[PDB]
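Just so we're on the same page: letters track the sequence lines, and every chain starts at 1. Start at 1 and go down the list; that is how both ligands and their atoms are numbered. Only this structure's heavy atoms are used, side chains among them; waters, hydrogens and symmetry mates stay out.
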4 protein chains.
Amino acid sequence: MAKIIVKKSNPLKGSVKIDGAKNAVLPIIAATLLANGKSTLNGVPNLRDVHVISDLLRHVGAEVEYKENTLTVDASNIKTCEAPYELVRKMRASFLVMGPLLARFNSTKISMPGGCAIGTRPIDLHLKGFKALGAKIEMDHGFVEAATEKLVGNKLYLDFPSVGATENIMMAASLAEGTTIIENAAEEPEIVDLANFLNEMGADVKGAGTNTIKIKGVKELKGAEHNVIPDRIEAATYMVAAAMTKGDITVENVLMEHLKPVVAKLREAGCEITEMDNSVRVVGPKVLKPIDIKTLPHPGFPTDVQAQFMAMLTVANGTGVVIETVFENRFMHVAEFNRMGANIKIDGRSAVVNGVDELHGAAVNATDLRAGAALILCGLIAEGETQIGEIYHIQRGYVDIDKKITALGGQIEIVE
Amino acid sequence: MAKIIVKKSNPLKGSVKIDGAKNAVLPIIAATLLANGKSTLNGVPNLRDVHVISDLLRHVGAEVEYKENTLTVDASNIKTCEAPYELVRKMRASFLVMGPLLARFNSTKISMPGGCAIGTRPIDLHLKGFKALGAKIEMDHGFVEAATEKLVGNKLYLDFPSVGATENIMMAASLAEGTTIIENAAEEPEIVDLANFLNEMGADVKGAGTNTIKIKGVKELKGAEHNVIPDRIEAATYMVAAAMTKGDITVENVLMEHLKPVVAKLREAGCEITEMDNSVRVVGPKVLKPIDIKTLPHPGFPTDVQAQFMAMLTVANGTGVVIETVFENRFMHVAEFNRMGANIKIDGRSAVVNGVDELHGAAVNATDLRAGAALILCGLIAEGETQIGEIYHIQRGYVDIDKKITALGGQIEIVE
Amino acid sequence: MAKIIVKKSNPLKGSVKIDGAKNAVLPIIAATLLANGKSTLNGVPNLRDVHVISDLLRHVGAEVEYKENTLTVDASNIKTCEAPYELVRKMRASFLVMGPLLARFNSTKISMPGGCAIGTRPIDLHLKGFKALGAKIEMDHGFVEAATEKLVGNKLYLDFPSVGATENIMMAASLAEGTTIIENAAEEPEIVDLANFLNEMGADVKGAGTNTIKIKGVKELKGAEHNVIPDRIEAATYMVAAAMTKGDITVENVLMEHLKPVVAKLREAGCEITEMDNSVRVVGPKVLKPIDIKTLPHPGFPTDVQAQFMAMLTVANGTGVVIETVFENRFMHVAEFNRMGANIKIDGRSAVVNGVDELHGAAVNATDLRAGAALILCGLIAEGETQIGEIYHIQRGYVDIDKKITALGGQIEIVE
Amino acid sequence: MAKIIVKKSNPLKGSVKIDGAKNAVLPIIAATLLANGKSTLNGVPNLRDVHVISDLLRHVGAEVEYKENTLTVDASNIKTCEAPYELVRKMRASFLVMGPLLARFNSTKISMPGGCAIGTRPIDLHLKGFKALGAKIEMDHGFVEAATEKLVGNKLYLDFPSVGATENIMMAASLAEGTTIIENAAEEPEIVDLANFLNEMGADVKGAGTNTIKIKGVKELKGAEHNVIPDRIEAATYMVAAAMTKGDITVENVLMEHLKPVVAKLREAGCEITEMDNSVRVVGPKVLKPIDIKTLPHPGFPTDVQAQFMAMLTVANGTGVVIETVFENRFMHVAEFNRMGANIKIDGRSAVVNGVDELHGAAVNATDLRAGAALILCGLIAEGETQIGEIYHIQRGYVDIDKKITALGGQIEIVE
Ligand SMILES: CC(=O)N[C@H]1[C@@H](OP(=O)(O)OP(=O)(O)OC[C@H]2O[C@@H](n3ccc(=O)[nH]c3=O)[C@H](O)[C@@H]2O)O[C@H](CO)[C@@H](O)[C@@H]1O[C@H](C)C(=O)O
Ligand SMILES: CC(=O)N[C@H]1[C@@H](OP(=O)(O)OP(=O)(O)OC[C@H]2O[C@@H](n3ccc(=O)[nH]c3=O)[C@H](O)[C@@H]2O)O[C@H](CO)[C@@H](O)[C@@H]1O[C@H](C)C(=O)O
Ligand SMILES: CC(=O)N[C@H]1[C@@H](OP(=O)(O)OP(=O)(O)OC[C@H]2O[C@@H](n3ccc(=O)[nH]c3=O)[C@H](O)[C@@H]2O)O[C@H](CO)[C@@H](O)[C@@H]1O[C@H](C)C(=O)O
Ligand SMILES: CC(=O)N[C@H]1[C@@H](OP(=O)(O)OP(=O)(O)OC[C@H]2O[C@@H](n3ccc(=O)[nH]c3=O)[C@H](O)[C@@H]2O)O[C@H](CO)[C@@H](O)[C@@H]1O[C@H](C)C(=O)O
């Protein structure tokens, strides 16, 4: 089966256009379900995770059309508020329909997500918020059902600033009676994108981007047109690639406000970075300086770039410590990095990376989306040739990484 | 030597006035050093930690007078920028003078804090920010020296949103040339208090309370008058005490915005809480419902109330999990709670509290400020009599806890 | 694709015969490579992991025949000491050929294992021991090569009492010049089985079962006949199944010495256990008492029974804590248990299990061998019907679990 | 108050005699309480912890005399089986009288130890074993009371191979009716010393040193004479001191079997070690090679030498990782090491030590016994002069460290 073959490459040089944010579009697609009417989403990346949630909307009865990076959804006529096991098993982001369906129809029944490679990922805070809004929750044979005679706005505290719980609760609250206050909300840029979209549909959501979100419920929302923000994680991936290959890359169609910790940490590692209104230029250093990273809720360092920074660190000039506070077991890639000659030792949530002279190409497997991309980065700098298996992980969330890296001068090919 | 004796008490009932925030006043006192002139701080709590940092200002040559909750500082004539080991050993908050002294005099030499009971507490991010502003850092025999020909504003990222590093860097940046941007800043209310004070002196500090702080340096700052915010941690202590004793207490002279997670979590445990403009009423439940807490940077649940919530949980109707993400070893109190009949098991940063019928009085020792106060709370509900040693820990940071609890009906006495 | 369907079952009752130990036979099969001659292994379980390592021996040129639980290996004519990526990727136990091949031929080149679901599982201590014996180690494109002009016995310390490193080093040392001393050796019963086999072939290995193993190298080893010990992990699985179903089961063809912590912990949970010379009877209690388990090196509680005890605890009468010290991320099953109505919260290496009234059947996936078996156990007690996917995990290491549970009265079927 | 002043010293050279083991003598002193008669302990180190437990025996009514390294105890006439709070608070090893007093008198009431600097140190497994032997346990106001009409031998499993629980249970079982089996026993050399002593008094204890201990209870024990084993931890301290100072030291009156991991790890770091029947010679290397250490139950690397190895690593030629599995918070010394210019970062139970050129003398505080000794080691190699406070920690458990290091050529003095 299919592999990505990467060879030791030249310093990457040139421009790369960044696609729309996968993790903005997924909750925003779920939000379309809140409107009796037709929404139009532009800048939608052509990605499997997009197609999966689109098929979920079809299941519940919304009409969906995708072309040329525009997705339209007509959620006028919904026929069921049940998300079955087979769909949720494909992608746990499917859970994001629960808030809108609960809000529109006052009842919804959604398969509870199971295990995921990157950790045990409960959805307790989503249910916490729904209960705060008046919903009664019950479990039936793997399904979670939430139902209410009516949703009523209430104050609620998030024990962790969960991205998904903030999204789900904001969407449910959008049609509740009265005012909902989400305390200790996620501040991730996708939260702000979603809020903006809800407001575009007629909602009243204030404070997205800050630690407190206030939603004043409205009776009905209408389909709206929305331009999704750029993918900050994709952008970060290309930035790290410039860093690691001693390249000089201009990443186009980005928002620098959303990249702050990545910019900072790359500068600390010795990159020269030039921030512009819609683009950023990254020049890799001649010697990578070791740095420590600690993943945290935004605007701390993002967990979705942790594997890729760890890969950069495998050849830094010293010792770097990587600490993952956000996900449990987001170190599955370490053993793959070590097969390429890295020197990485883990205990608990910390990985000690002792920089080596160079990596060496080897047969490796992607374990998840972001780690698979880190493996491509290793492949660019590893002596000889690197063959990466289980490539569906990567293709889930990167548009044409082979084409984009090839256009920057890298040696990469997908073989079937 | 001295002990606090607590007996099984009646439900606490009445009003308690909260003092000014210890942890606002300590950085604000250090900030007075930035002005060639006289500042006036009102609402200063009469606490040892206050007196220690005041003696540090005297050491460096500022004039200090304290009376009746007003502290004045005339920092017109400073005579040394060196903070010696003996003073810093007393209280690691002394380190907060480093930023102002560096800013005023472009050189400062401060003993590096050593071990602390509640964890290994490095000051690397403080030095990170000073280096970003142009300071060269060196170590001499336990001292850290920072010096520059001139401080220049720069962008810098905090790997963790450290309270102290945010404070120290904001103060240093206040007199730097140009604009400093602190990314991933602490959002704690004391950060906002400090900022306000600096602005009162003539500074230009914007975004305190948010994840990004921008300071535009000025050439000189002038003494100003400031009213310190209320102690949210003290307030929380009395709130928990109402919860645990099934009491009914009105806590006076507080800011509800600063108490959000404590209010939320207490309501989840079954308290009835009434929030007012300058006061909050807490009615304890008849049965405490078990809840989980997870300490986090503000506005997450505060580490300074963790021991006290754990004490409440020792008699909750079920199993609660307490997770400390902020400090390493902030569980020293667990063994003391267990001597009073609690059922608490720790591994890593998590403590499993399995609620018991009642605690039983016993001889215990305070291990630190906030835990010592938790022990007084246990003492209120523990059958018989509880004797608490090492009480200096408590007296550091609570004004007249014996008098305030006595006025609420509790049985407490300090014996020498 | 294929599923195991389990329904809510009657208390299991009857006798079950236990197969030979998978994890004794795998290193013992690798050990056959040490002899110029034919070995005969009896009591070999008919398992995929067995067939995989047998195909590895074929690759290197040994002759292998399997029938009726007897496997013979003629390692007279070995044709290569290289274990290629495709084989090692299938099963990391393939790494166990490295020690024998190094010992026989003074050179061997083995693909370095990559990621595994249950954690990052380095082989550094294996290489440590080989280096101690005189081997020079190098890495080539994912391969580890060990070579020496001659192996010389030496003392070496294991930083952790690794099962695999003890095995690999014992086998390498068996043909070394002089005496090897393994300090802080694994004490697992499989270590003793392997040692016995090596001694049967002509080796001189003393102290297996204790914290120190001494091997006095010999010039040549000869094929021998060996009876593998019973599978203590399989036995434990059936014991837990009796516990959870309130059953009454006699587990046949076992060694009670190898089951001590499992017996102890099951008695603590309320089982009545009767230990006999070659069998053990387990009667489940009417109410399971909550217990805590902590995985450790033998004779501590085995990690391979951790998931299955956790499953028992999901319906215990209270709160149990499960602590995994041996593997990092051996909690992947928790989310699957929670889909069946369990109440389990994890942080770090500890899982808090808050017992529920009953589990409820649901669609779940096996994540690994031992967890998949735990899911079958849940399926036996869960109201309604449980469907388990990814069943290859289970079939790897249990002989006919469907047939054996069916013979005890359970409702289980494998569907294709 | 009193300080230890250490200066940068010459390579240590010469011989040092090791005293008797503190941690053998403490349980063996408690064991004297089992005999109606007079015991004679030789090779007793002149240490505060010794004097504290001796005063506890006096409290309960045994007659004690200490001179010239011989301690005699006549436990013919015991007058109380209650150990009060004041004594147990001084030293938690006082808890070791519980097993003997329970065994002699079938009732005993012992204050439950509270917090300790190096971690939360429950005694649940001690109580577990006593309950297994027939004792009913209750808590009264900080006391734990154990009482039985008669102690009856039983099998019991230790969830962790606790040193103290193994000791306490072995002593209780020594006079029980029938046979006690301790499964997953501590294998520490002090367990073997204690067993030997009990057997000297007339007991029947087999398997000490192995993972299973069997005690066959006897009706009465008689006073006996015993020679305590050498202090392996003290010996290790002097060994590390040779390593760190590039010295050449012969440590006298030791048992090499008890020092295995320390010898191994020191050789890995580059020491040349010569093991003899009653002595060991350690020659420090010219360049310390970085190594990783992981504390574990014996014969794994001892937690009591962890701080001292960490100190050695502060100037090793690279990166070393120290992992503490045995105690929670046994890293309090890290901040003190960092005040001397070390580069150590902790997360969880792991500390990353990035070796520096040299340490620099500074004012530091001992946090506990073994760390205080590590600070003296740092003081020997740190440029200039190091002043160590809170020296009672050290004096607890080292005989005349100033005199012994002075006799090896070091510059050390205790000032009052
Ligand atoms: C669809 C989408 O946007 N997914 C992203 C979002 O996941 P999410 O699930 O919402 O993230 P969280 O809730 O903030 O989760 C953060 C932490 O909080 C725990 N938690 C979360 C919710 C809850 O109810 N209970 C609870 O305990 C949780 O287990 C985790 O430890 O945020 C993550 C963090 O940045 C991303 O890694 C993730 O990207 C992924 C890879 C991708 O592209 O596929
Ligand atoms: C004077 C004062 O306000 N002290 C308070 C302040 O300490 P601070 O020290 O500033 O808190 P941090 O820097 O946010 O520390 C939080 C975490 O960050 C790590 N860190 C911090 C700084 C740095 O450079 N490097 C670094 O790693 C640090 O080790 C900790 O794990 O904030 C704490 C958290 O709320 C409080 O517990 C603390 O109160 C106390 C008890 C009291 O009243 O005495
Ligand atoms: C073939 C076989 O017998 N496999 C078993 C054996 O694995 P092994 O691999 O030898 O076990 P370890 O080496 O004792 O591993 C224990 C711990 O030690 C770390 N470690 C190990 C080796 C090394 O060089 N470096 C190092 O760090 C390692 O990462 C782990 O955390 O022992 C394990 C523990 O009981 C079992 O779970 C495992 O069964 C399995 C599931 C099955 O049936 O497939
Ligand atoms: C008097 C004496 O010999 N003391 C020593 C002994 O303590 P001990 O207390 O017996 O050691 P453990 O019981 O093996 O403790 C090891 C671990 O096990 C947990 N545990 C222990 C008992 C119990 O019931 N429950 C339980 O959870 C415990 O919390 C720890 O994490 O063994 C330790 C380990 O080697 C030493 O560090 C300690 O030396 C000291 C410093 C000194 O010289 O003062």
Side-chain angles (χ1 to χ4, degrees), chain B residues 22-24 26-27 49 91-93 96 118-128 159-167 186 188 190 233 297-298 302-304 326-328 368-370 396-397, chain C residues 22-23 26-27 49 91-93 96 118-128 159-167 186 188 190 233 297-298 302-304 326-328 368-370 396-397, chain D residues 22-24 26-27 49 91-93 96 118-128 159-167 186 188 190 233 297-298 302-304 326-328 368-370 396-397:
Chain B
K22 185 178 73 70
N23 286 347
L26 299 174
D49 279 8
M91 189 185 57
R92 70 203 310 110
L96 296 171
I118 65 167
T120 296
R121 293 175 69 182
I123 51 59
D124 66 295
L125 297 174
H126 297 232
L127 300 188
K128 180 190 202 202
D159 298 84
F160 185 87
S162 158
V163 167
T166 304
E167 287 164 350
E188 268 74 9
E190 296 75 30
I233 305 310
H298 190 75
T303 178
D304 286 339
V326 176
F327 284 109
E328 284 115 36
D368 56 268
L369 170 58
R370 300 304 170 187
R396 264 184 95 147
Chain C
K22 185 178 73 70
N23 286 347
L26 299 174
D49 279 8
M91 189 185 57
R92 70 203 310 110
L96 296 171
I118 65 167
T120 296
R121 293 175 69 182
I123 51 59
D124 66 295
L125 297 174
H126 297 232
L127 300 188
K128 180 190 202 202
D159 298 84
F160 185 87
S162 158
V163 167
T166 304
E167 287 164 350
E188 268 74 9
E190 296 75 30
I233 305 310
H298 190 75
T303 178
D304 286 339
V326 176
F327 284 109
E328 284 115 36
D368 56 268
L369 170 58
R370 300 304 170 187
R396 264 184 95 147
Chain D
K22 185 178 73 70
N23 286 347
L26 299 174
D49 279 8
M91 189 185 57
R92 70 203 310 110
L96 296 171
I118 65 167
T120 296
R121 293 175 69 182
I123 51 59
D124 66 295
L125 297 174
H126 297 232
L127 300 188
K128 180 190 202 202
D159 298 84
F160 185 87
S162 158
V163 167
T166 304
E167 287 164 350
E188 268 74 9
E190 296 75 30
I233 305 310
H298 190 75
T303 178
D304 286 339
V326 176
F327 284 109
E328 284 115 36
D368 56 268
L369 170 58
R370 300 304 170 187
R396 264 184 95 147

Among all protein heavy atoms, pick the one closest to atom 14 (O) of ligand 3 and tell me residue, atom and distance. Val163(C) N, 2.8 Å
Does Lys22(C) have a non-hydrogen atom less than 4.0 Å from ligand 3? yes
min-distance protein heavy atom vs atom 18 (O) of ligand 3 -> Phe160(C) CD2, 3.7 Å
All heavy atoms of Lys22(D) vs all of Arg396(D), minimum pair found to be CD-O, 3.9 Å
Quick check: does any side chain N or O of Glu328(C) sit under 3.5 Å from a backbone N or O of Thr120(C), one acting as donor and the other as acceptor? yes
One residue to check: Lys128(D). Relative to ligand 4, which of side chain, backbone, both or neither has a non-hydrogen atom less than 4.0 Å away? neither
Purely on distance, is any nitrogen or oxygen of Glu167(B) under 3.5 Å from one on ligand 2? no
Geometry only, no angles: is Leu125(D) polar-contacting ligand 4 at N/O separations under 3.5 Å? yes
When every non-hydrogen atom of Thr303(C) is compared with those of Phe327(C), the smallest separation belongs to OG1-CD1, 3.6 Å
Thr120(D) heavy atom under 4.0 Å from ligand 4: yes
Work out which heavy atom in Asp159(C) is nearest to a heavy atom in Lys128(C); give both atom names and the distance. OD1-NZ, 2.8 Å
Under a 4.5 Å cut-off applied to non-hydrogen side-chain atoms, are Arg370(C) and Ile233(C) in contact? yes
Nearest heavy-atom contact between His126(C) and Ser162(C) is NE2-OG, 4.2 Å
Protein heavy atoms: any of them under 4.0 Å from atom 42 (C) of ligand 2? yes
Closest heavy-atom approach to atom 23 (C) of ligand 4 among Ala186(D), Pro122(D), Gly119(D) is made by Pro122(D)
In terms of atom number and element, which parts of ligand 3 are under 4.0 angstrom from non-hydrogen atoms of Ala93(C)? 1 (C)
Within 4.0 Å of some non-hydrogen atom of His126(D), the atoms of ligand 4 are 24 (O)
Tell me the contacting part of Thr303(D) for ligand 4: side chain, backbone, both, or neither, using a 4.0 Å heavy-atom threshold, strictly below. side chain
Please confirm whether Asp304(D) comes within less than 3.5 Å of ligand 4 when only nitrogen or oxygen atoms on both sides are compared. yes
Is a side-chain N or O of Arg121(D) found less than 3.5 angstrom from the main chain of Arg92(D), in a donor-acceptor match? no
Quick one, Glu190(C) with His298(C), criterion side chain to side chain contact (heavy atoms under 4.5 Å, CB included). Give me CA distance, side-chain angles, the key distance, then yes/no. CA-CA 10 Å; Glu190(C) 296 75 30; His298(C) 190 75; over 6 Å; no
Side-chain touch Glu188(D)/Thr166(D), heavy atoms, less than 4.5 angstrom: no
Is there a polar contact between ligand 4 and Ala165(D), counting only N or O atoms under 3.5 Å apart? no
N or O contact, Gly164(D) vs ligand 4, cut-off under 3.5 Å: yes
Report yes if some heavy atom in the side chain of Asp304(C) is under 4.5 Å from a heavy atom in the side chain of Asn23(C); otherwise report no. yes
Please say whether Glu328(D) places an N or O atom under 3.5 Å from an N or O atom belonging to ligand 4. no
Below a 4.0 angstrom heavy-atom separation, can you tell me which part of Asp124(D), side chain or backbone, both or neither, approaches ligand 4? both
Report yes if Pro161(C) has an N/O atom closer than 3.5 Å to an N/O atom of ligand 3; otherwise report no. no
Please report which non-hydrogen protein atom sits nearest to atom 5 (C) of ligand 4, along with the residue it belongs to and the distance in Å to one decimal place. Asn23(D) ND2, 3.6 Å
Quick one: closest heavy-atom pair of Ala93(B) and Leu26(B), and the distance? CB-CD1, 4.0 Å
Give me the residue, atom name and distance of the protein heavy atom closest to atom 21 (C) of ligand 4. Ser162(D) OG, 3.7 Å
Nearest protein heavy atom with distance in Å, relative to atom 7 (O) of ligand 4: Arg121(D) NH2, 3.4 Å
Hey, which atoms in ligand 3 end up nearer than 4.0 Å to a heavy atom of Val326(C)? 16 (C), 17 (C), 30 (C), 31 (O)
